[PDB]
Student: 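Here's a structure for you.
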Amino acid sequence: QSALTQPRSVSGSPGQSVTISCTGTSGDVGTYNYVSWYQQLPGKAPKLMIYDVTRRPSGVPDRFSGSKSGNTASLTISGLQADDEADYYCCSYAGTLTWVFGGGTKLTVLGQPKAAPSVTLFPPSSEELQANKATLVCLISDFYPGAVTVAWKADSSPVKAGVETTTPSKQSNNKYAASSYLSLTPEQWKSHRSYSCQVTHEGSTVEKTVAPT
Amino acid sequence: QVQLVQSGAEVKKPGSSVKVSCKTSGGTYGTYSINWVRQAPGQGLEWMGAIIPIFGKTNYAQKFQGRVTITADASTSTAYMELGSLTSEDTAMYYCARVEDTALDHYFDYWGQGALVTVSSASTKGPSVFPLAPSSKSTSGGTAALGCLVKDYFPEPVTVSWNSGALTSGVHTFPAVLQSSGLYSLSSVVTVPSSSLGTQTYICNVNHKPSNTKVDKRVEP
């Protein structure tokens, strides 16, 4: 009736092995051998990885194995690859036409080579300024590990209003990306000498600058 | 191959009722079941209920019994899930999943693409698209980033292509931000040779199905 219990997060370096637990009750996991495991990438539907506690569907690499003891099933991933970073959900049959899911576990692969972020700063389009708005757009890409801090500057001074920043998201090359937006009126944009996007990654601070010129 | 295709994203007022469809094609008429699983933003998958259309059999989780009703038409292999008395706790992505053989299979092999249902009193709004001009040069090709800013739309999602699909790699569409106003905004950028921009015309195509809007925007220097 309630969700199966999974750890919130697991981590490991490339080539290592990790395991993700899924604890249910005697009524679902302890009774049936119908435990399945699904992988979900950011922004996609779940994909079946280990149905029938131990079986792999065709195409699923042999690095994914499944286990069960008593009321607890476990997904084991050997030889971690960066492509495995995802949310993993366990599922159990719990009676006739009934299933129960676990809470999910976020799997991140740390220890990959460091990558400095590419930073691009776009000034407000003159079309937007014609529409009586101004938006500064600072896009950050190709960085690893997937975490940065973004600050904005009005000619030297920190600006914290009108700033909206995404959480880092994975790219298709296993690196990360994010974006930050600074909302300004046309007058505030025209009245200053420059605006600066300053991106900090693992202690290193780079910056780009645009001007009303 | 087996394909489960669902209805699109939708915004619904609180207290309304929402209906999501799942058409299966390529799927061996028989004792298959369609299961409905929802996922609140940033949350886990939650099984809601299931139907065996060949037998007309339905079952529901206790949390949703009495509020969700699942129906089906085997003649078109389509399933429907209707959820009533909507609140903002019901805002979620709603997936259909399939069980191929209810007597033999006890897992979900195929999933729909999911339909995002946003429960809100705010109105649907199409996006405004603005160009992000390169305005810079590095070399013959070197570096050049241009793009499109998709601003002030509701609800999610929007899709972005470049030149209607002619420009495919080196394009990067960032996840949207949710502004203080409750509206979304994202950007999508392509990196092309610096020689190209004198020659080639660059257009971004934004599709916002919830508002039935399509916007083409050419990115000039």
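Order of the sequence lines fixes the chain letters, A, B, ..., with proteins taken first and strands second; residue numbering starts at 1 for each chain.
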Student: Show me, pair by pair, the donor-acceptor contacts under 3.5 angstrom made by side chains of residues 41-53 of chain B, not counting sequence neighbours?
Tutor:
from    : atom 1 : to      : atom 2 : distance (Å)
B:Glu46 : OE1    : B:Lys63 : NZ     : 2.8
B:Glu46 : OE2    : B:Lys63 : NZ     : 2.7
B:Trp47 : NE1    : B:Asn35 : OD1    : 2.9

Student: Would you please say whether a donor-acceptor pair under 3.5 Å links the side chains of B:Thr118 and B:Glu156?
Tutor: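 There is no such pair between these side chains.
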Student: Quick check: closest heavy atoms across B:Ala92 and B:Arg38, and the distance to 0.1 Å?
Tutor: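 In this case the closest contact between B:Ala92 and B:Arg38 is CB-CD, 4.2 Å.
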Student: Just wondering, more than 12 heavy atoms not from B:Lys57 lying within 6.0 Å of its NZ?
Tutor: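 Atom NZ in B:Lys57 is not packed in, count stays at 12 or less.
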Student: What are the two closest heavy atoms between B:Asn163 and B:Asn205, and how far apart are they?
Tutor: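 So the minimum-distance heavy-atom pair works out to N-OD1, 3.6 Å.
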Student: Between B:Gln6 and B:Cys96, is there a donor-acceptor pair closer than 3.5 Å when you use the side chain of the first and the backbone of the second?
Tutor: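 The answer is yes, because a donor-acceptor pair under 3.5 Å joins these two groups.
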Student: Under a 4.5 Å cut-off applied to non-hydrogen side-chain atoms, are B:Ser25 and B:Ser77 in contact?
Tutor: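 The answer is no; the side chains never approach within 4.5 Å.
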Student: Using only atom types and a distance under 3.5 Å, with no angle test, would you say the side chain of A:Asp28 pairs donor to acceptor with the backbone of A:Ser92?
Tutor: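 Judged by distance alone, no pair lies under 3.5 Å.
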Student: Would you say the side chain of A:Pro14 lies within less than 4.5 Å of the side chain of A:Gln112, judging by non-hydrogen atoms?
Tutor: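 A side-chain contact under 4.5 Å exists here.
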Student: Kindly compute the distance separating SG (A:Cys197) from CD1 (A:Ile140), expressed to the nearest 0.5 Å.
Tutor: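 Going from the SG atom of A:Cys197 to the CD1 atom of A:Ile140 covers 5.5 Å.
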Student: For residues 99-109 of chain A, which side-chain donor-acceptor pairs fall under 3.5 Å, sequence neighbours excluded?
Tutor:
from     : atom 1 : to       : atom 2 : distance (Å)
A:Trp99  : NE1    : B:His106 : O      : 3.2
A:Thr105 : OG1    : A:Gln6   : NE2    : 3.1
A:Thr105 : OG1    : A:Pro7   : O      : 2.5
A:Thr108 : OG1    : A:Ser11  : OG     : 2.7

Student: Which distance, rounded to the nearest 0.5 Å, do you find between the CZ of B:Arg218 and the SG of B:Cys204?
Tutor: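 B:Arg218 atom CZ to B:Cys204 atom SG measures 11.5 Å (nearest 0.5 Å).
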Student: Show the nearest heavy-atom pair for residues A:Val148 and A:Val199, with the distance to one decimal.
Tutor: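 Answer, listing the atom of A:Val148 first, then A:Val199: CB-CG1, 4.0 Å.
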Student: Where do A:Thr120 and A:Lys208 land on the side chain to side chain contact (heavy atoms under 4.5 Å, CB included) test, with the steps shown first?
Tutor: CA-CA 7 Å; A:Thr120 301; A:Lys208 241 56 63 182; over 6 Å; no
Student: Drop me the distance from B:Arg67's CZ to B:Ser85's OG, to the nearest 0.5 angstrom.
Tutor: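 B:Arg67 atom CZ to B:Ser85 atom OG measures 6.5 Å (nearest 0.5 Å).
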Student: Could you check whether any side-chain heavy atom of A:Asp83 comes within less than 4.5 Å of a side-chain heavy atom of A:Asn174, counting everything from C-beta outward?
Tutor: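 Result yes, sub-4.5 Å side-chain heavy-atom pair found.
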Student: Is there a side-chain contact between A:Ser179 and A:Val150, using heavy atoms and a 4.5 Å cut-off?
Tutor: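 No, every pair of side-chain atoms sits at 4.5 Å or beyond.
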Student: Is B:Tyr29 reaching over with its side chain to a backbone N or O of B:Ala74, donor-acceptor style, under 3.5 angstrom?
Tutor: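 No; judged by distance alone, with no hydrogens or angles, the pair does not exist.
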Student: For a 4.5 angstrom cut-off between non-hydrogen side-chain atoms, does B:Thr71 reach B:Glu82?
Tutor: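 Not in contact.
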Student: Please report, to 0.1 Å, the donor-acceptor pairs under 3.5 Å made by any side chain of residues 49-61 of chain A, with sequence neighbours excluded.
Tutor:
from    : atom 1 : to      : atom 2 : distance (Å)
A:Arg56 : NE     : A:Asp62 : OD1    : 3.3
A:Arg56 : NH1    : A:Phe64 : O      : 3.1

Student: Tell me the closest heavy-atom pair linking B:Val11 and B:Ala122, and the distance in Å.
Tutor: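 Smallest interatomic distance, heavy atoms only, reads CG2-O, 4.1 Å.
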Student: Passes side chain to side chain contact (heavy atoms under 4.5 Å, CB included), B:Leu86 versus B:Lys13? Steps please.
Tutor: CA-CA 7 Å; B:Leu86 285 167; B:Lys13 310 179 182 176; over 6 Å; no
Student: Got a second to check how far B:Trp162's CH2 is from B:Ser188's OG, nearest 0.5 Å?
Tutor: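 Result: 6.5 Å between the selected atoms.
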Student: Indicate yes or no for a side-chain donor-acceptor contact from B:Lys151 to the backbone of B:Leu183 under 3.5 Å, with no hydrogens or angles considered.
Tutor: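 Checking the backbone N and O of B:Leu183 against the side chain of B:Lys151, no donor-acceptor pair under 3.5 Å is found.
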Student: Show the numbers, then the answer: is there a side chain to side chain contact (heavy atoms under 4.5 Å, CB included) between B:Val189 and B:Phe174?
Tutor: CA-CA 8 Å; B:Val189 278; B:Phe174 293 82; 3.5 Å; yes
Student: Between A:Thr72 and A:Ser69 (side chain of the first, backbone of the second, donor and acceptor by atom type, cut-off under 3.5 Å), is there such a pair?
Tutor: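 Side chain of A:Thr72 to backbone of A:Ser69: no pair is present.
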Student: Are A:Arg63 and A:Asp84 close enough for a salt bridge, meaning some N to O gap below 4.0 Å?
Tutor: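 Salt bridge flag = yes for A:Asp84 with A:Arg63.
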Student: In the structure I gave you, are the side-chain heavy atoms of B:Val20 and B:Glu10 within less than 4.5 Å of one another anywhere?
Tutor: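 When only atoms from C-beta onward are counted, B:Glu10 and B:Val20 do not touch, as no gap falls below 4.5 Å.
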Student: Checking side chain to side chain contact (heavy atoms under 4.5 Å, CB included) for the pair A:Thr76/A:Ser17: CA distance, chi angles, key distance, verdict?
Tutor: CA-CA 7 Å; A:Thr76 292; A:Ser17 66; 5.5 Å; no
Student: Should B:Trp36 and B:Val68 count as side-chain neighbours, where that means a heavy-atom distance under 4.5 Å?
Tutor: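 Answer no - side chains too far apart.
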Student: Would you call the rings of B:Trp111 and B:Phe108 parallel, tilted or perpendicular, where under 30° means parallel and over 60° means perpendicular?
Tutor: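 Rings of B:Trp111 and B:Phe108: perpendicular, as their planes differ by over 60°.
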Student: Where do A:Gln171 and A:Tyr176 come nearest, in terms of heavy atoms and distance?
Tutor: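 It is OE1-O, 2.9 Å.
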Student: Rounded at 0.5 Å granularity, tell me how far OG1 in B:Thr201 sits from CD in B:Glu220.
Tutor: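 Rounded to the nearest 0.5 Å, the OG1-CD separation comes to 7.0 Å.
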Student: Under a 3.5 Å distance rule, please check whether A:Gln40 uses its side chain to pair with a backbone N or O of A:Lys44 as donor and acceptor.
Tutor: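 Yes; at least one donor-acceptor contact below 3.5 Å.
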Student: Does A:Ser125 reach the main-chain N or O of A:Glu128 with its side chain, forming a donor-acceptor pair under 3.5 Å?
Tutor: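 Flag set: sc A:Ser125 to bb A:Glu128 pair under 3.5 Å.
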Student: Please check this pair: side chain of A:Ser74 against backbone of A:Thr19, looking for a donor-acceptor N/O pair closer than 3.5 Å.
Tutor: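 Judged by distance alone, no pair lies under 3.5 Å.
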Student: Any idea which heavy atoms bring B:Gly114 and B:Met93 closest together, and the distance?
Tutor: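 Residues B:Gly114 and B:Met93, closest heavy atoms: C-SD, 3.5 Å.
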Student: Is it the case that over 12 heavy atoms from other parts of the model lie below 6.0 angstrom from the NZ atom of B:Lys23?
Tutor: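 Not more than 12 within 6.0 Å, no.
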Student: Taking the side chain as C-beta and beyond, is there a heavy-atom pair between B:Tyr153 and B:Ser211 under 4.5 Å?
Tutor: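 No. Closest side-chain heavy atoms not under 4.5 Å.
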Student: Quick one: do the A:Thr98 and B:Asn59 side chains pair a donor with an acceptor below 3.5 Å?
Tutor: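 The answer is yes; a qualifying pair exists.
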Student: From the options B:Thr191, B:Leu132, B:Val192, select the one residue that forms a side chain to side chain contact (heavy atoms under 4.5 Å, CB included) with B:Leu146.
Tutor: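 Of all the options given, the one that passes is B:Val192.
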Student: To the nearest 0.5 angstrom, please state how far the CG atom of B:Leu178 sits from the OG1 atom of A:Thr166.
Tutor: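 These two atoms lie 12.0 Å from each other.
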Student: Look at the side chain of B:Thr91 and the backbone N and O of B:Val119, then say whether any donor-acceptor pair between them is shorter than 3.5 Å.
Tutor: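 Such a contact is found between B:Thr91 side chain and B:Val119 backbone.
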Student: Are any side-chain N or O atoms of B:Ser7 and backbone N or O atoms of B:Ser21, one a donor and one an acceptor, separated by less than 3.5 Å?
Tutor: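 Answer holds: yes.
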Student: Test A:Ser36 against A:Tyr38 for side-chain hydrogen bond (donor to acceptor under 3.5 Å, both in side chains), laying out the working first.
Tutor: CA-CA 7 Å; A:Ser36 44; A:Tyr38 304 86; 3.2 Å; yes
